[PDB]
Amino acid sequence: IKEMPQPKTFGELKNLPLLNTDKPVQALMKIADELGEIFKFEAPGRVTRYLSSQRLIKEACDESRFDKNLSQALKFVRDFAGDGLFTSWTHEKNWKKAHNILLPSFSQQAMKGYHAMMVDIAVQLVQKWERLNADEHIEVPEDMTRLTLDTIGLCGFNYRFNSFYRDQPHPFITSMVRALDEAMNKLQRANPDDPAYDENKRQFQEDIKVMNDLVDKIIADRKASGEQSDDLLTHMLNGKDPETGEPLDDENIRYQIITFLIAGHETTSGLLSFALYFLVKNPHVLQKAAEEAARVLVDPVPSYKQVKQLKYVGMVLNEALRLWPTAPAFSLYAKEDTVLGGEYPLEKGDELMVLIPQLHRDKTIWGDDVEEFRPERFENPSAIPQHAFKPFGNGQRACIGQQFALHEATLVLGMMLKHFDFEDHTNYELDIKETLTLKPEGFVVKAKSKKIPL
């Protein structure tokens, strides 16, 4: 029974000022490097414990002992994502109902139906880059975000955001990005109810109204027309939960659509951006991935079955998720009193944060080459210890979008490596911007066409 380390305190504010930074996850990573596999973090009125070791996280991932907690970040996102899957408690009726209704829409099988839509957007990205002039470069996270938002819009509700036709984001997106910024900024405020934050609160309410009005009109317009497109919205209007026999209500459908647009904007785009970053920093790895793409993608348009055969590209994406998991944490609560790792007693209700980037750096799992980009680490999942690799979270509350994200990312990265050579022309220094998620900021490359027709 050990006493837990705790980082430096600021009197009555305890640890809270440590998060007064534009890079709080990267600050918590540096604290974990100093304090080790577990530390206590206190703010006025709340305590959590940050876990970094596979030794403790494998226990935290025991669903008989721990359930998903809404972190303060998720509670603030819930003001616009409601009781959508991502911001619902496991015990709320609408979690299991929506989970049962939506699981078939997110399976490996369902991906065959979404593939043609994903290819539509992927072809738009390839044509954009084919059409750049000799003097020009690519804004990587900008273009990956254009792609991943457009893909979920088209597969979500058959809506074209037409992001490759715009410098300025669609108005829904300007509102969603500003709401996500206010949710994440609200975290840092020692003094939240101050009047210096009164404009922020007024803007948040306008942004919520914007997201609701576009999404509610999309739903209303679809029911009115009665058309049956094979998108998530059609599945949610016609689907019944096998348990309750009930469908989702129109308000819950709107929370699910907002949730899916947040995920498509924030997470998959981060993964593609980090994957291209590691490939241009690791030319031998880029070469082996480009060789797979050339051998497998033998048709102008990739097929679903071809994407399934891009195994090495799959390993590249997992190794990018290992070093920079774009969704960097999740939160758990103890269902009952229990002891963590035979050292740290917890009471019913005590909270934990899993710091995924640190878990993925555990040298007892990955060895001394832990900072190196080596996709071959992922050749044999049976050779990886339990709960060592958690970029999609844990158990019944794991990412429902995992198959969707990995299909889209494998397809697009495979087409990028087929069609272009890449140059890191600025010798880019990694700068990680934090929103809901992690993304390279300012990452730019030059892409020289291999002139292979679409």
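So that there is no doubt, residue numbering starts at 1 and follows the sequence shown. For the two forms, the rigid core is made up of the largest set of C-alpha atoms that agree within 1.5 Å on superposition.
For the pair 189-197 and 94-102, greater average C-alpha departure from the shown form in 9 other deposited structures of this protein after core alignment is found in 189-197.
For the pair 58-66 and 381-389, rigid core superposition yields a higher RMS C-alpha distance in 9 other deposited structures of this protein in 381-389. Of the two segments examined, 405-413 and 422-430, it is 422-430 that shows the higher average Cα temperature factor in the deposited entry. Remark: stretch with higher mean C-alpha B factor among 364-372 and 81-89 is 364-372. Going by the entry's values, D249 shows the largest Cα B-factor out of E139, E292, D249, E319. Highest CA B-factor among the listed residues (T267, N162, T174, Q127): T174. When the modelled residues of the chain are ordered by C-alpha B-factor, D231 sits in the highest third. The entry lists a Cα temperature factor for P385 that places it in the lowest third of the chain's modelled residues. Per-chain ranking of the deposited C-alpha B factor places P24 in the lowest third. When the CA B factors of the chain's modelled residues are split into thirds, the value for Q309 lands in the middle one. Split the chain's modelled residues into thirds by C-alpha temperature factor. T259 is in the lowest one.
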